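*Asks:* Dropping in final_34.pdb, which is PDB, C-alpha atoms:
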ATOM      1  CA  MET V   1     -68.565  98.916 -67.405  1.00  0.00           C
ATOM      2  CA  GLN V   2     -68.996  95.314 -68.548  1.00  0.00           C
ATOM      3  CA  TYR V   3     -70.488  94.301 -65.196  1.00  0.00           C
ATOM      4  CA  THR V   4     -73.124  96.408 -63.421  1.00  0.00           C
ATOM      5  CA  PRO V   5     -75.137  96.093 -60.154  1.00  0.00           C
ATOM      6  CA  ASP V   6     -78.347  95.868 -62.210  1.00  0.00           C
ATOM      7  CA  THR V   7     -78.087  93.878 -65.441  1.00  0.00           C
ATOM      8  CA  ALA V   8     -80.466  91.306 -66.936  1.00  0.00           C
ATOM      9  CA  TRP V   9     -78.272  88.573 -68.428  1.00  0.00           C
ATOM     10  CA  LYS V  10     -79.825  85.740 -70.428  1.00  0.00           C
ATOM     11  CA  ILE V  11     -78.515  82.235 -69.731  1.00  0.00           C
ATOM     12  CA  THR V  12     -77.670  80.312 -72.914  1.00  0.00           C
ATOM     13  CA  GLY V  13     -75.354  77.682 -71.428  1.00  0.00           C
ATOM     14  CA  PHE V  14     -71.828  76.976 -70.205  1.00  0.00           C
ATOM     15  CA  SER V  15     -68.744  77.085 -72.443  1.00  0.00           C
ATOM     16  CA  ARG V  16     -66.575  74.093 -73.318  1.00  0.00           C
ATOM     17  CA  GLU V  17     -63.599  75.478 -71.395  1.00  0.00           C
ATOM     18  CA  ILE V  18     -65.930  75.530 -68.387  1.00  0.00           C
ATOM     19  CA  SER V  19     -64.571  73.623 -65.393  1.00  0.00           C
ATOM     20  CA  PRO V  20     -65.942  70.128 -64.532  1.00  0.00           C
ATOM     21  CA  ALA V  21     -67.077  71.358 -61.114  1.00  0.00           C
ATOM     22  CA  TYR V  22     -69.372  74.116 -62.358  1.00  0.00           C
ATOM     23  CA  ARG V  23     -70.544  72.003 -65.258  1.00  0.00           C
ATOM     24  CA  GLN V  24     -71.426  69.165 -62.892  1.00  0.00           C
ATOM     25  CA  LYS V  25     -73.414  71.620 -60.779  1.00  0.00           C
ATOM     26  CA  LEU V  26     -75.632  72.248 -63.793  1.00  0.00           C
ATOM     27  CA  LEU V  27     -76.126  68.494 -64.187  1.00  0.00           C
ATOM     28  CA  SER V  28     -76.950  68.120 -60.483  1.00  0.00           C
ATOM     29  CA  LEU V  29     -79.713  70.737 -60.690  1.00  0.00           C
ATOM     30  CA  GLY V  30     -82.560  70.188 -63.156  1.00  0.00           C
ATOM     31  CA  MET V  31     -82.751  73.978 -63.457  1.00  0.00           C
ATOM     32  CA  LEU V  32     -80.758  74.247 -66.669  1.00  0.00           C
ATOM     33  CA  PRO V  33     -80.438  77.450 -68.795  1.00  0.00           C
ATOM     34  CA  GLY V  34     -83.416  78.946 -70.613  1.00  0.00           C
ATOM     35  CA  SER V  35     -83.992  81.969 -68.365  1.00  0.00           C
ATOM     36  CA  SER V  36     -82.397  85.238 -67.219  1.00  0.00           C
ATOM     37  CA  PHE V  37     -80.819  86.436 -63.967  1.00  0.00           C
ATOM     38  CA  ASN V  38     -79.936  89.773 -62.360  1.00  0.00           C
ATOM     39  CA  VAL V  39     -76.671  90.848 -60.751  1.00  0.00           C
ATOM     40  CA  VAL V  40     -76.883  91.514 -57.012  1.00  0.00           C
ATOM     41  CA  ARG V  41     -73.801  93.736 -57.051  1.00  0.00           C
ATOM     42  CA  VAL V  42     -70.385  94.231 -58.670  1.00  0.00           C
ATOM     43  CA  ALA V  43     -67.192  94.792 -56.664  1.00  0.00           C
ATOM     44  CA  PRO V  44     -64.614  96.868 -58.687  1.00  0.00           C
ATOM     45  CA  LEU V  45     -62.046  96.358 -55.922  1.00  0.00           C
ATOM     46  CA  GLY V  46     -61.111  93.014 -57.520  1.00  0.00           C
ATOM     47  CA  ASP V  47     -63.675  90.559 -56.134  1.00  0.00           C
ATOM     48  CA  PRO V  48     -65.605  87.902 -58.141  1.00  0.00           C
ATOM     49  CA  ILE V  49     -68.958  88.572 -59.812  1.00  0.00           C
ATOM     50  CA  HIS V  50     -71.838  88.139 -57.379  1.00  0.00           C
ATOM     51  CA  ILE V  51     -75.151  87.268 -59.024  1.00  0.00           C
ATOM     52  CA  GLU V  52     -78.594  86.394 -57.652  1.00  0.00           C
ATOM     53  CA  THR V  53     -81.378  84.412 -59.315  1.00  0.00           C
ATOM     54  CA  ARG V  54     -84.975  83.934 -58.188  1.00  0.00           C
ATOM     55  CA  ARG V  55     -83.902  80.291 -58.118  1.00  0.00           C
ATOM     56  CA  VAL V  56     -80.760  80.677 -56.009  1.00  0.00           C
ATOM     57  CA  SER V  57     -77.709  82.830 -55.333  1.00  0.00           C
ATOM     58  CA  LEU V  58     -74.282  82.188 -56.853  1.00  0.00           C
ATOM     59  CA  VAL V  59     -70.931  83.981 -57.229  1.00  0.00           C
ATOM     60  CA  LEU V  60     -68.426  83.456 -60.065  1.00  0.00           C
ATOM     61  CA  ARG V  61     -65.117  85.048 -61.061  1.00  0.00           C
ATOM     62  CA  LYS V  62     -64.838  87.511 -63.940  1.00  0.00           C
ATOM     63  CA  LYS V  63     -63.183  84.869 -66.111  1.00  0.00           C
ATOM     64  CA  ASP V  64     -65.972  82.430 -65.306  1.00  0.00           C
ATOM     65  CA  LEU V  65     -68.564  84.974 -66.481  1.00  0.00           C
ATOM     66  CA  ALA V  66     -66.687  85.453 -69.756  1.00  0.00           C
ATOM     67  CA  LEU V  67     -66.626  81.692 -70.272  1.00  0.00           C
ATOM     68  CA  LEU V  68     -70.335  81.297 -69.562  1.00  0.00           C
ATOM     69  CA  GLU V  69     -72.515  82.035 -72.574  1.00  0.00           C
ATOM     70  CA  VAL V  70     -74.752  84.992 -71.722  1.00  0.00           C
ATOM     71  CA  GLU V  71     -76.797  87.514 -73.702  1.00  0.00           C
ATOM     72  CA  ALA V  72     -78.334  90.875 -72.809  1.00  0.00           C
ATOM     73  CA  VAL V  73     -82.144  91.089 -72.816  1.00  0.00           C
ATOM     74  CA  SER V  74     -84.074  94.029 -74.275  1.00  0.00           C
ATOM     75  CA  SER V  75     -87.052  92.371 -75.959  1.00  0.00           C
ATOM     76  CA  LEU V  76     -89.386  93.676 -73.280  1.00  0.00           C
ATOM     77  CA  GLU V  77     -92.586  91.704 -73.926  1.00  0.00           C
ATOM     78  CA  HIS V  78     -95.710  91.198 -71.817  1.00  0.00           C
ATOM     79  CA  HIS V  79     -98.930  89.222 -72.305  1.00  0.00           C
ATOM     80  CA  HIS V  80    -102.392  90.112 -71.003  1.00  0.00           C
ATOM     81  CA  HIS V  81    -104.141  87.375 -69.028  1.00  0.00           C
ATOM     82  CA  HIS V  82    -107.572  88.715 -69.995  1.00  0.00           C
ATOM     83  CA  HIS V  83    -109.058  91.678 -71.851  1.00  0.00           C
TER      84      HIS V  83
END
Turn this file's structure into structure tokens for me.
*Replies:*
Amino acid sequence: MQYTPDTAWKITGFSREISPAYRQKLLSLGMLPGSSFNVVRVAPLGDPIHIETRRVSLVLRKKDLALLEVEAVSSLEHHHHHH
């Protein structure tokens, strides 16, 4: 139950073992870590991990997810604009 259809994963950064292709993609986009993303769905049949982010959609293999540094979020904090 490591991967679920609804999970808020925090993005900390890519691992060293990470491939040059994926790593380069981070360099190409100025949207580097520092936020969280939700999983669109998880295929137990044996398909890669499909994830969606308000920024863009992307799919990575299970191994790729393990390599990427991620952390679960449960802080649950909100600020009031006024009053």
*Asks:* Given the choices V:76, V:45, V:39, V:8, which gets closest to residue 60 of chain V if the distance is worked out from only C-alpha atoms?
*Replies:*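 Smallest distance to residue 60 of chain V is found for V:39.
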*Asks:* Select, counting only C-alpha atoms, all protein, DNA and RNA residues no farther than 10 Å from (-64.0, 81.3, -59.5) in file coordinates, and express the selection as a PDB file with C-alpha atoms, keeping the file's coordinate frame.
*Replies:*
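Result saved to point-v1.pdb:
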ATOM      1  CA  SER V  19     -64.571  73.623 -65.393  1.00  0.00           C
ATOM      2  CA  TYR V  22     -69.372  74.116 -62.358  1.00  0.00           C
ATOM      3  CA  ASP V  47     -63.675  90.559 -56.134  1.00  0.00           C
ATOM      4  CA  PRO V  48     -65.605  87.902 -58.141  1.00  0.00           C
ATOM      5  CA  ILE V  49     -68.958  88.572 -59.812  1.00  0.00           C
ATOM      6  CA  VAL V  59     -70.931  83.981 -57.229  1.00  0.00           C
ATOM      7  CA  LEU V  60     -68.426  83.456 -60.065  1.00  0.00           C
ATOM      8  CA  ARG V  61     -65.117  85.048 -61.061  1.00  0.00           C
ATOM      9  CA  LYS V  62     -64.838  87.511 -63.940  1.00  0.00           C
ATOM     10  CA  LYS V  63     -63.183  84.869 -66.111  1.00  0.00           C
ATOM     11  CA  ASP V  64     -65.972  82.430 -65.306  1.00  0.00           C
ATOM     12  CA  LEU V  65     -68.564  84.974 -66.481  1.00  0.00           C
TER      13      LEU V  65
END
*Asks:* When the PyMOL selection byres ((chain V and resi 33) around 9) is applied to the file above, which residues end up in the set, as a PyMOL selection string?
*Replies:* chain V and resi 10-14+26+31-32+34-36
*Asks:* State, in Å with one decimal place, the distance from atom CA of residue 38 of chain V to atom CA of residue 69 of chain V.
*Replies:*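 Computing the Euclidean distance for atom CA of residue 38 of chain V and atom CA of residue 69 of chain V yields 14.8 Å.
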*Asks:* Work out how far apart atom CA of residue 74 of chain V and atom CA of residue 58 of chain V are and give it in Å to one decimal.
*Replies:*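 We find that atom CA of residue 74 of chain V and atom CA of residue 58 of chain V lie 23.2 Å from each other.
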*Asks:* Interatomic distance between atom CA of residue 4 of chain V and atom CA of residue 72 of chain V?
*Replies:*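 Value for the atom CA of residue 4 of chain V-atom CA of residue 72 of chain V distance: 12.1 Å.
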*Asks:* Using only C-alpha atoms, pick whichever of V:25, V:79, V:41, V:54 has the shortest atom-to-atom distance to residue 7 of chain V.
*Replies:*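 Result for the nearest residue to residue 7 of chain V: V:41.
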